[PDB]
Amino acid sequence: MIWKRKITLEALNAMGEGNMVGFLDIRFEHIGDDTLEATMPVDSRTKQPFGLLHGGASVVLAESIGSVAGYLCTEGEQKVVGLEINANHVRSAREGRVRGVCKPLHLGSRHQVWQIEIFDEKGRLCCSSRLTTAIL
């Protein structure tokens, strides 16, 4: 178990209300001992002009999940902030919801590296991303 904070999915989902996370219907759905998972619809708010998932929406999902996960691995007054992000778009998505799964690559005292894989509804990899955070 990597977490230092014990926060439920309901509290996480409550925080998204009234901001970008809520606007895109990103929903946190599972917390493992070393994973965090959220889904996002492929719809008008997340689509390119001709119906495929906007690659930027996948990054919004990746950065949201990676930041939350990083924060959960700090304690007390500590905050995390994303410094760098990269993403590889390997497959497109068109319908249903995509699902982001975030795992740690490195949990440091000063920075973290997170990997987020985004899968379509059939479980195929669509986007693979790395987020580097600073702990402040």
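The term rigid core refers to the most C-alpha atoms you can superpose between the two forms while keeping them within 1.5 Å. So that there is no doubt, residue numbering starts at 1 and follows the sequence shown.
Higher-deviation stretch (C-alpha RMS, rigid core fit) in 5 other deposited structures of this protein, choosing from 48-56 and 66-74: Taking the RMS over all superposed structures in 5 other deposited structures of this protein, 48-56 lies farther out.
23-31 versus 55-63 - greater average Cα B-factor per the deposited record: Between 55-63 and 23-31, it is 23-31.
Mean C-alpha B-factor comparison - 2-10 and 125-133, higher one: Taking the mean B-factor of the alpha carbons in each, 2-10 is higher.
Residue, from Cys102, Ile85, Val90, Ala93, that the PDB entry assigns the highest Cα B-factor: Highest C-alpha B-factor among the listed residues goes to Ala93.
Among modelled residues of the same chain, the CA temperature factor third for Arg97: For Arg97, whose C-alpha B-factor we compare with every modelled residue in the chain, the answer is the middle third.
B-factor third for the C-alpha atom of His111 within its chain: Lowest third.
Modelled-residue ranking by C-alpha temperature factor, third containing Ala69: Tercile = middle for this residue's CA B-factor.
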